[PDB]
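A.B. asks: Quick one, fold the following:
(one chain, ligands or ions: 1)
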Amino acid sequence: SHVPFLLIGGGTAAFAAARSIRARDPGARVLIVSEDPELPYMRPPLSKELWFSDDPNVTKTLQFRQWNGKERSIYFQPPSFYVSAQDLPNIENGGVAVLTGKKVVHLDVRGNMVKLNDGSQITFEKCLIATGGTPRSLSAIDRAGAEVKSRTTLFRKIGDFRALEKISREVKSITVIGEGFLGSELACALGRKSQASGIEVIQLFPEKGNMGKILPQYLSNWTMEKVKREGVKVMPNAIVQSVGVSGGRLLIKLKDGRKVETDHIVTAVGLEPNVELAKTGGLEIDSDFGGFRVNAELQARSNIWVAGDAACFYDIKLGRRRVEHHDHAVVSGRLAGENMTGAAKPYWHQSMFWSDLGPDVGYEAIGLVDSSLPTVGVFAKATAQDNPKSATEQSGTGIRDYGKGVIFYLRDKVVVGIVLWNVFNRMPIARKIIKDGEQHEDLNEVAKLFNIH
Ligand SMILES: Cc1cc2nc3c(=O)[nH]c(=O)nc-3n(C[C@H](O)[C@H](O)[C@H](O)COP(=O)(O)OP(=O)(O)OC[C@H]3O[C@@H](n4cnc5c(N)ncnc54)[C@H](O)[C@@H]3O)c2cc1C
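C.D. replies: Numbers count the residues shown, from 1 in each chain. I have put the structure below:
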């Protein structure tokens, strides 16, 4: 068979593309192809809102409670929206179908055709690659035995949540490895769970403080203290020597002489993009940043675009980049869909990131953020509406004595990245400040733009 629009991967970016195509051309035939057996679902609530629900059948519905009491589904759309695969070419002025449980194992660029794992062959006219990425495993655990790995989770797709949620009510001690935002989002999840279950939740990492690769020492620490406060044993400066089983329990040997005894391990340590198809089709990978190299219009070659986590693209303001955001998967995927219908537009939009550690703490981020860069923070006492619960009350979604502040990351006294600590709805102002990029003289005056005095 054949289809005029072929989206590889069933992701957040892959969906955003199909919506944007069918908006510009209301009769288009679109076929997503998913390795995953499940239909397009957003990822963020897997580590946050789905733990803070009181329905014990949430595991089955996947209907979450936002911080404002509202309900929502993890699935982007119901299965009524989508049409069937077999009847897509035939159904007249038809919609958008998806082919679950099938992996695209070869790309023939000059043939405008792909092969699937089962031997199938689909030709196409326009094609998107939106494969996302594979979770990294810890080199300590790679070396360890077979018995050791059977108690080690990675976190990404739903099954990983269902797995760990069951494990949560079964054992006494669970250890989270990684200082990243996901690592911490998960620690605070088990933390609230621990207030009733009385289990042991440990977060350990080689870094000095929580999110210490991005946040400056003052806030990185404050956050370490805030995560502790939520019922967690935080262990900074932990370099894992070796891991093994002994006496029905895992034992983590640290390089600094300490030893940890626990029942289960979750590894939250970054993302390896799925550039597996780059060989067979002969497309270019970026050796620095990783992923598929594409231009400012997200194009790899004639008839092939790439978006989401998997896309190393060219921002003209900031330079060549690659980002693993949700907002990015959405906006990039949407643009790529416009270009597949001829719009030939550049990626002028600046993607944004957010995180929530309970409904009492929240971070917003845009641009180039890094602890290594020189940093200026401006802080002030937080008020009643400065928290993610109170902000969700207002719009109520998934982002369409100091308590709050702003952090400028800079290079030549001109701002190139921004982090916001419990300051909400002021993202459009941060976007303006990066795009403009002037020689700001007093960053105290710039902070007044985020209501910081
Ligand atoms: C727990 C969690 C929490 C997160 N929280 C936040 C947050 O708070 N804020 C934020 O901005 N971002 C967050 N993210 C990031 C966001 O979910 C990702 O950036 C988003 O999933 C990217 O969309 P994507 O389509 O590019 O990748 P994905 O959504 O991973 O989609 C890729 C899909 O394509 C499939 N695929 C891959 N290769 C093939 C192939 N060869 N053939 C067929 N199918 C294939 C994969 O199986 C996968 O299902 C979070 C992610 C996770 C996992």
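
A.B. asks: can you tell me which residues contact the closest residue to residue 189 other than its chain neighbours?
C.D. replies: Nearest in space to residue 189, with sequence neighbours left out and distances taken as Cβ to Cβ, 6 or more residues apart in numbering, is residue 51 at 3.8 Å. Using the backbone N, CA and C atoms, a C-beta is placed for each residue, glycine as well. By Cβ atoms under 8 Å, 6 or more residues apart in numbering, residue 51 lies in contact with 165, 189-190, 192-193.

A.B. asks: need these in JSON lines with neighbour count, can you?
C.D. replies: Shown next, in JSON lines, are the contacts of residue 51 (neighbours: other Cβ atoms under 10 Å):
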{"residue": "165", "neighbour count": "16"}
{"residue": "189", "neighbour count": "26"}
{"residue": "190", "neighbour count": "24"}
{"residue": "192", "neighbour count": "15"}
{"residue": "193", "neighbour count": "19"}
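
A.B. asks: Would you reformat those as JSON lines and include distance to residue 78 and secondary structure?
C.D. replies: Below are those laid out as JSON lines (distance: Cβ to Cβ, whole Å; DSSP: H, G, I helix; E, B strand; the rest coil):
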{"residue": "165", "distance to residue 78": "24", "secondary structure": "helix"}
{"residue": "189", "distance to residue 78": "27", "secondary structure": "helix"}
{"residue": "190", "distance to residue 78": "31", "secondary structure": "helix"}
{"residue": "192", "distance to residue 78": "30", "secondary structure": "helix"}
{"residue": "193", "distance to residue 78": "30", "secondary structure": "helix"}
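
A.B. asks: Those: which two are farthest apart?
C.D. replies: Greatest spatial distance in the contacts of residue 51: 165 and 192, 12.9 Å, computed using Cβ to Cβ.

A.B. asks: Write out the residues of the stretch 151-300 of the chain neighbouring the ligand.
C.D. replies: Contact residues, the stretch 151-300 of the chain versus the ligand (Cβ under 6 Å from any ligand atom): 155-156, 182, 274, 277.

A.B. asks: switch the cut-off to 8 Å
C.D. replies: Residues of the stretch 151-300 of the chain lying near the ligand by Cβ under 8 Å from any ligand atom: 155-157, 161, 181-182, 185-186, 274, 276-277.

A.B. asks: Same question for the stretch 301-450 of the chain.
C.D. replies: Counting by Cβ under 8 Å from any ligand atom, the stretch 301-450 of the chain sits next to the ligand at 307-311, 324-329, 332-333, 352-356, 399.

A.B. asks: Out of these, list just those in strands.
C.D. replies: Under the assignment DSSP state E, those contribute 311, 352-356 to strands.

A.B. asks: Among those, which one sits closest to residue 211?
C.D. replies: Taking Cβ to Cβ as the measure, residue 211 lies nearest residue 355 of these, at 8.6 Å.

A.B. asks: Is there any residue in stretch 30-48 that contacts the ligand?
C.D. replies: Yes: contact between stretch 30-48 and the ligand, assessed by Cβ under 8 Å from any ligand atom, occurs at 33-36, 38, 42-48.

A.B. asks: Alpha carbons only: can I get that stretch in CSV?
C.D. replies: Listed next in CSV are the C-alpha coordinates belonging to stretch 30-48 (Å, rounded to 0.1, in the frame of the first residue of the first chain):
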residue,chain,number,x,y,z
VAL,A,30,-2.4,10.7,7.3
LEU,A,31,-0.9,7.5,8.7
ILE,A,32,1.0,7.5,12.0
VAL,A,33,3.1,4.3,12.6
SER,A,34,3.7,3.4,16.3
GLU,A,35,6.3,0.9,17.8
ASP,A,36,4.2,1.5,21.0
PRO,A,37,1.0,-0.6,21.2
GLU,A,38,-0.9,2.5,22.5
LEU,A,39,-2.4,5.6,20.9
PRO,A,40,-0.9,9.1,21.2
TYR,A,41,-0.7,10.1,24.8
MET,A,42,1.1,13.0,26.4
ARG,A,43,3.9,12.1,28.9
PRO,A,44,4.2,14.8,31.7
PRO,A,45,1.4,13.6,34.1
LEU,A,46,3.1,10.1,34.2
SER,A,47,5.5,11.5,36.9
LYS,A,48,3.2,14.1,38.5
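
A.B. asks: residues in contact with the residue of the stretch 51-200 of the chain found nearest the ligand?
C.D. replies: Among the residues of the stretch 51-200 of the chain, residue 132 lies closest to the ligand, at 2.5 Å counting by Cβ to the nearest ligand atom. Neighbouring residues of residue 132 by Cβ under 8 Å, 6+ apart: 9, 11, 13, 273-274, 308-310, 329.
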